[PDB]
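Here the structure comes first, spelled out in structure tokens, and everything after it is commentary.
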Amino acid sequence: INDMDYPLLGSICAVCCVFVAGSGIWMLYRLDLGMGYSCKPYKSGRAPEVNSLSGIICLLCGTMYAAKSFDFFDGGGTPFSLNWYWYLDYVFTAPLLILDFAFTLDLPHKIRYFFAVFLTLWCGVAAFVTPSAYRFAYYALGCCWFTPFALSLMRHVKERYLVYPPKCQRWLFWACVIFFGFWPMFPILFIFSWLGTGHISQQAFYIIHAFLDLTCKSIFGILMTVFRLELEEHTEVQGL
Amino acid sequence: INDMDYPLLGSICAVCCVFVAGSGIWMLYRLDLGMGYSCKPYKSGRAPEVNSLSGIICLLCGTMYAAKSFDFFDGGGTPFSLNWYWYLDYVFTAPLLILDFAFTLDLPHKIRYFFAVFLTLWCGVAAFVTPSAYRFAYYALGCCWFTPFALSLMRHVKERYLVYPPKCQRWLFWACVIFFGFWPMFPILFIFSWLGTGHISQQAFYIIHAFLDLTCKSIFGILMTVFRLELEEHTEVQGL
Amino acid sequence: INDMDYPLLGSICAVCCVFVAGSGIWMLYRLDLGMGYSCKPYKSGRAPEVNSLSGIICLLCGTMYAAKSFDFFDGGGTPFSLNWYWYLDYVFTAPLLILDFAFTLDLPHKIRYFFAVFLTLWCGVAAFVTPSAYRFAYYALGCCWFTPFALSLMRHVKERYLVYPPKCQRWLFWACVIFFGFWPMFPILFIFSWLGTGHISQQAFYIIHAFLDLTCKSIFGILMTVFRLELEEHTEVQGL
Ligand SMILES: CCCCCCCC/C=C/CCCCCCCC(=O)OC[C@H](COP(=O)(O)OCCN)OC(=O)CCCCCCC/C=C/CCCCCCCC
Ligand SMILES: CCCCCCCC/C=C/CCCCCCCC(=O)OC[C@H](COP(=O)(O)OCCN)OC(=O)CCCCCCC/C=C/CCCCCCCC
Ligand SMILES: CCCCCCCC/C=C/CCCCCCCC(=O)OC[C@H](COP(=O)(O)OCCN)OC(=O)CCCCCCC/C=C/CCCCCCCC
Ligand SMILES: CCCCCCCC/C=C\CCCCCCCC(=O)OC[C@H](COP(=O)(O)OCCN)OC(=O)CCCCCCC/C=C/CCCCCCCC
Ligand SMILES: CCCCCCCC/C=C\CCCCCCCC(=O)OC[C@H](COP(=O)(O)OCCN)OC(=O)CCCCCCC/C=C/CCCCCCCC
Ligand SMILES: CCCCCCCC/C=C\CCCCCCCC(=O)OC[C@H](COP(=O)(O)OCCN)OC(=O)CCCCCCC/C=C/CCCCCCCC
Ligand SMILES: CCCCCCCC/C=C\CCCCCCCC(=O)O[C@H](COC(=O)CCCCCCC/C=C/CCCCCCCC)COP(=O)(O)OCCN
Ligand SMILES: CCCCCCCC/C=C\CCCCCCCC(=O)O[C@H](COC(=O)CCCCCCC/C=C/CCCCCCCC)COP(=O)(O)OCCN
Ligand SMILES: CCCCCCCC/C=C\CCCCCCCC(=O)O[C@H](COC(=O)CCCCCCC/C=C/CCCCCCCC)COP(=O)(O)OCCN
Ligand SMILES: CC(C)CCC[C@@H](C)[C@H]1CC[C@H]2[C@@H]3CC=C4C[C@@H](O)CC[C@]4(C)[C@H]3CC[C@]12C
Ligand SMILES: CC(C)CCC[C@@H](C)[C@H]1CC[C@H]2[C@@H]3CC=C4C[C@@H](O)CC[C@]4(C)[C@H]3CC[C@]12C
Ligand SMILES: CC(C)CCC[C@@H](C)[C@H]1CC[C@H]2[C@@H]3CC=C4C[C@@H](O)CC[C@]4(C)[C@H]3CC[C@]12C
Ligand SMILES: CC(C)CCC[C@@H](C)[C@H]1CC[C@H]2[C@@H]3CC=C4C[C@@H](O)CC[C@]4(C)[C@H]3CC[C@]12C
Ligand SMILES: *C\C=C(C)/C=C/C=C(C)/C=C/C1=C(C)CCCC1(C)C
Ligand SMILES: *C\C=C(C)/C=C/C=C(C)/C=C/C1=C(C)CCCC1(C)C
Ligand SMILES: *C\C=C(C)/C=C/C=C(C)/C=C/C1=C(C)CCCC1(C)C
């Protein structure tokens, strides 16, 4: 229903777009500055390609949020909305997050996790354009794709967490809190939204998801950058 | 025309979705169990990333068929159909099949084959939403992309078939029968469907394509897994 | 407005489709013929995978232009148009061009350039389906993604241009003229088109963009092939 506070939504999207993009520019700037937590001009001179994935997602999320803000400023309903089809932008970003996490931790089965999230979001996308009882059918299919992905990622994370130093474990623990404390919240909001239970209104749904992207995209990326800085120095500069 | 036996279509799609997904879960389970046909815990401990492509496609095809079954149970015409736009799901799966086949056989020019199938399917997708004489124009363009792909894949397969042991050649021969015995059947069904000649009705078109996916996705994957098991043991455990 | 000379557009698209595809088939044929500018059957026998990206784009662009010609022959407005949504085909091709350029010159930060062009085009796609003042908002966002990509590519190109031999520098200089002489023309045409200033009519817009694809896709690819031939021989056969 076209009765929500659209200018508030645009302002919220504009504010987070600046925050996510600014964080992404920092980590990209920080990455090429030096390998270790202090500084290192690289042995070969150039940073690894996969290490920049965290920064690009924030800019990708920032660009996605910039388009969202333009949609809300125009009152919504624009031909290029990125808000009419929910989770559609997340299809481009969320699979890259776990891919970045896999590369950072060297977790095997990266391609399996990649398609797990990619198909998990796609089932979620199909689970609201269907105004029938099968809306939860796609929701169930997504959970069937996410639960064995939520699991088997806790295994590998838990197995490798005991190897890293406590200094590196610090951020890694916080990243896992971001990982396994806020990603499972996305299905819960879907149940309680107007699509399911109805506790969350449409206006609140955009706002809370706007707030549940700095932690998932920006702050999680920031932790990954710092954790990489601790990882890089400890492994290379500290030689451990 | 909305007069076909939709509940039959949903039941057929549901049955094959269970079969394709179950086969995919097996080969993923079988892969991490052990390298050789018997068992091997890997030298490095982790399976190669590209070896899991066969399993993911079946789950990808199973998830795609699960969405098809939901569409047919709801009587069709759902906003997220995956049946209104034919071959659209195949765009996500078919290029990965040859990519898996290329990696299994180490066939060069993988990227060329990948884009060959990717553009071949896309031309097929555009060749039914066009209710005019240009429907066959996109069909001709797809064949122009597929015939030099159907060829030059027979070359490389034939050249390498003489190298493998007869034990491995067994499955490889059967895979090539699946490869070069059923993929060329997709264009033929298009000609004889209501889009072209009209011999095949709309109801029969979904059913036969539902039956022509276990062989292409599941059974072909199963052969690839067993052929890999024979390849892996013969090369590593048997040292040949 | 449906008043432009559609058969002229189809003829122009058909002519360039033959030219782009024919050039792509040549460079693919030339690549496997031999490494050096003269001939070399490869040390391992097979060409590098990334070296074929230039040829595939031309065939990809040729196939895309073949679909454009079919759309214009049918009078336009076909369900599968590739002309109703501008720059949508460029999303599939343009990111691969810089990726090929990055691999040819071994320029680092390939993934950063890839997403830069990928998001630059996407902002352009959203910048005409929006019939409001926010059409230039997406345009500004695209320029914000392209200007730091147009820059930092001049740096790396300029830094490495002094290393190559003058024989190789010749084509590289011409490629950079194609690169940094015609890519910035795409935003300029958008400003002066009926979407912006209005100097360029709709009929002229397709024609000039049809002419501004041989240089970007075919001729640029041809230069890349010859530059690779000079690079390959000089580095391998000439041992320099
Ligand atoms: C900007 C950086 C982005 C980076 C990455 C982008 C990748 C993600 C791709 C996003 C796809 C966007 C699809 C959005 C479609 C929105 C449809 C929509 O809003 O419809 C509702 C709206 C009804 O609302 P009103 O008329 O206001 O009703 C109130 C009565 N006065 O309908 C319309 O406005 C009609 C829509 C016009 C056609 C839609 C065109 C969508 C743009 C196409 C480009 C995307 C390409 C997708 C590829 C496949 C080709 C379809
Ligand atoms: C689930 C796992 C999937 C994994 C991988 C997925 C990748 C493949 C992507 C699939 C894209 C799906 C597009 C399907 C569109 C279907 C359109 C359709 O059915 O229209 C017909 C139907 C007419 O039928 P009835 O009204 O019953 O007529 C009888 C009269 N009583 O029309 C409708 O229902 C209207 C359709 C509503 C809008 C369609 C929204 C499609 C969903 C968008 C999400 C997909 C994103 C695509 C990206 C580009 C953005 C467009
Ligand atoms: C061929 C090789 C291609 C290789 C790579 C391809 C990748 C790029 C994908 C291209 C997506 C194509 C989308 C084009 C949509 C065009 C819509 C259009 O033309 O609408 C205008 C036109 C109005 O014109 P007329 O009725 O003539 O008006 C005058 C009055 N007599 O409207 C129509 O014709 C209705 C359109 C029917 C539905 C459109 C179906 C588009 C085809 C879907 C396949 C693409 C899949 C996209 C994935 C997401 C799923 C949506
Ligand atoms: C037709 C219906 C739709 C078809 C598909 C529906 C869902 C498919 C089920 C899951 C598909 C694959 C999940 C992808 C992400 C998980 C990644 C993965 O499997 O990694 C492999 C990993 C094993 O790796 P190893 O090599 O032992 O690790 C040591 C490191 N060397 O697999 C596992 O951990 C086993 C699978 C997950 C374990 C969790 C156990 C409990 C799962 C809850 C069940 C939920 C319902 C799903 C039903 C089927 C589940 C198998
Ligand atoms: C504007 C119109 C649309 C534009 C494009 C239309 C179709 C384009 C034509 C084909 C494009 C490329 C096909 C992609 C899949 C084929 C892969 C490929 O070319 O592999 C290279 C491979 C050569 O590899 P070598 O290195 O010798 O192998 C030894 C291993 N070291 O190429 C070939 O085998 C030659 C091409 C295929 C051989 C088949 C011969 C007969 C083909 C039937 C012609 C059908 C019409 C198509 C017209 C143009 C065809 C060239
Ligand atoms: C919410 C709004 C939307 C969010 C995002 C909007 C645009 C984001 C800004 C740019 C994002 C990244 C651009 C991607 C392509 C550029 C590739 C890149 O950054 O390469 C790194 C490269 C540094 O590499 P080194 O390792 O030093 O090179 C030596 C080789 N070893 O970065 C740079 O060169 C610095 C950035 C570009 C330099 C150009 C300086 C002037 C730029 C004009 C500003 C235009 C406005 C954009 C605002 C923010 C720009 C930072
Ligand atoms: C519940 C409140 C939530 C508040 C929202 C969060 C606001 C952002 C602030 C940071 C959030 C995450 C930070 C994670 C922890 C890292 C901080 C830190 O201490 O990092 C250092 C160093 O690493 C860093 O520098 C990381 C911190 C830099 C973060 C910069 C903030 C994001 C950048 C955005 C700038 C542009 C934003 C535009 C303006 C916003 C307009 C709305 C690591 O070492 P220490 O443990 O201090 O040990 C000291 C000896 N080594
Ligand atoms: C014309 C009739 C078609 C029937 C449809 C096919 C039904 C599926 C049965 C298998 C089809 C393909 C099998 C390919 C041949 C492999 C069988 C085989 O023998 O494999 C072994 C070992 O490899 C295997 O174990 C592969 C076979 C396992 C296949 C399991 C079937 C698919 C899994 C689906 C389970 C879940 C399905 C859900 C229920 C369905 C509800 C509708 C290889 O060694 P042998 O030659 O026996 O040599 C012995 C000494 N080494
Ligand atoms: C302003 C006028 C623009 C005209 C449009 C362009 C027409 C195409 C002609 C070539 C354009 C770019 C060529 C770039 C320069 C390379 C030419 C060249 O000399 O290459 C050689 C060798 O490399 C080549 O062979 C590259 C040239 C081959 C290009 C073939 C033209 C494109 C192929 C299309 C064929 C099918 C087209 C279908 C018909 C069209 C119907 C409309 C490199 O060595 P040289 O400097 O001669 O030194 C000699 C000792 N080594
Ligand atoms: C309320 C929400 C946000 C947070 C609740 C999630 C908490 C309880 C979860 C998130 C991440 C999880 C941690 C992930 C990794 C490890 C490392 C392992 O070696 C011991 C368990 C431990 C330490 C987990 C304990 C539980 C944990 C801390
Ligand atoms: C009716 C349909 C399903 C099957 C017809 C396809 C048969 C005839 C095709 C499919 C795969 C083909 C095989 C593919 C590979 C080889 C290996 C080569 O060294 C000799 C030829 C040989 C053995 C081919 C013979 C023809 C073949 C068996
Ligand atoms: C109805 C149409 C579209 C397809 C149905 C035919 C499929 C399901 C059938 C036809 C002939 C069958 C093949 C016949 C014999 C064997 C030998 C066995 O050791 C492996 C499977 C394999 C290779 C079968 C796979 C399934 C198969 C290909
Ligand atoms: C009118 C349009 C088409 C062409 C104008 C663009 C010209 C002026 C641009 C395009 C490519 C550019 C070149 C790109 C690379 C180098 C190598 C460097 O070591 C010196 C500068 C030099 C030589 C640049 C000079 C300016 C240049 C030649
Ligand atoms: C914005 C970025 C992230 C990582 C978003 C992630 C979202 C989820 C993992 C959502 C999952 C869903 C599942 C499990 C099944 C039902 C539908 C959802 C889309 C909510
Ligand atoms: C489900 C998986 C597979 C591998 C499907 C493959 C389909 C084809 C190769 C279809 C090809 C077509 C071509 C050659 C040109 C006309 C249109 C078709 C889509 C039928
Ligand atoms: C056909 C191939 C190429 C490489 C096309 C490239 C097009 C551009 C770089 C277009 C860029 C745009 C930007 C900078 C922002 C506004 C919108 C444009 C799409 C014109």
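Chains as they are written, first to last, in PDB author numbering: chain A, 17 to 256; chain A', 17 to 256; chain A'', 17 to 256. A prime marks a further copy of an entry chain. Think of the CB as a built atom: it goes at the ideal place given N, C-alpha and C, for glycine as much as any other residue.
8 Å contact criterion, which residue i and residue j should meet: CB distance rounded
i	j	result
residue 237 of chain A'	residue 70 of chain A'	4 Å
residue 72 of chain A'	residue 128 of chain A	6 Å
residue 166 of chain A''	residue 200 of chain A''	7 Å
residue 239 of chain A'	residue 194 of chain A'	7 Å
residue 205 of chain A	residue 216 of chain A	6 Å
residue 161 of chain A'	residue 132 of chain A'	6 Å
residue 250 of chain A'	residue 181 of chain A'	6 Å
residue 38 of chain A	residue 89 of chain A	That belief does not hold up - the Cβ atoms of residue 38 of chain A and residue 89 of chain A are roughly 20 Å apart, past 8 Å.
residue 51 of chain A	residue 58 of chain A	6 Å
residue 218 of chain A	residue 17 of chain A	7 Å
Any chain A'' beta carbon closer than 7 Å to residue i
i	result
residue 248 of chain A	no
residue 24 of chain A'	no
residue 234 of chain A	no
residue 73 of chain A	no
residue 168 of chain A	no
residue 165 of chain A'	no
Test: residue i CB closer than 7 Å to a CB of chain A
i	result
residue 156 of chain A''	no
residue 60 of chain A'	no
residue 151 of chain A''	no
residue 68 of chain A'	yes
residue 131 of chain A''	yes
Member of the options whose CA lies at the smallest distance from the CA of residue i
i	options	result
residue 67 of chain A	A/223, A/43, A/215 and A/155	A/43
residue 63 of chain A''	A'/253, A'/207, A'/123 and A'/224	A'/123
residue 113 of chain A'	A'/145, A'/179, A'/137 and A'/210	A'/137
residue 87 of chain A''	A''/115, A''/100 and A''/77	A''/100
residue 245 of chain A''	A''/26, A''/47, A''/24 and A''/84	A''/47
residue 21 of chain A'	A'/85, A'/37, A'/45 and A'/36	A'/85
residue 107 of chain A''	A''/139, A''/172 and A''/17	A''/139
residue 247 of chain A	A/234, A/209 and A/185	A/185
residue 74 of chain A''	A''/97, A''/40, A''/54 and A''/53	A''/40
residue 104 of chain A''	A''/117, A''/116 and A''/144	A''/144
residue 76 of chain A'	A/212, A/255, A/95 and A/135	A/135
Short CB-CB distance (under 7 Å) between residue i and chain A'
i	result
residue 148 of chain A	yes
residue 220 of chain A	no
residue 65 of chain A''	yes
residue 47 of chain A	no
residue 135 of chain A	yes
Which residues, in order along the region 94-126 of chain A', keep a beta-carbon less than 8 Å from a beta-carbon of chain A''?
-> 124, 125 and 126
Which of the residues in the region 77-94 of chain A'', read from start to end, lie with their CB under 8 Å from any CB of chain A'?
-> 79, 82, 83, 86, 89, 90 and 94
Can you list, in chain order, every residue whose CB sits closer than 6 Å to a heavy atom of ligand 7?
-> Answer in sequence order: A/31, A/34, A/35, A/38, A/39, A/42, A/53, A/235, A/238, A/239 and A/242.
Report all residues for which the CB-ligand distance to some heavy atom of ligand 13 is below 5 Å; order them along the chain.
-> Spelled out in chain order, the answer is A''/174, A''/177, A''/192, A''/193, A''/196 and A''/197.
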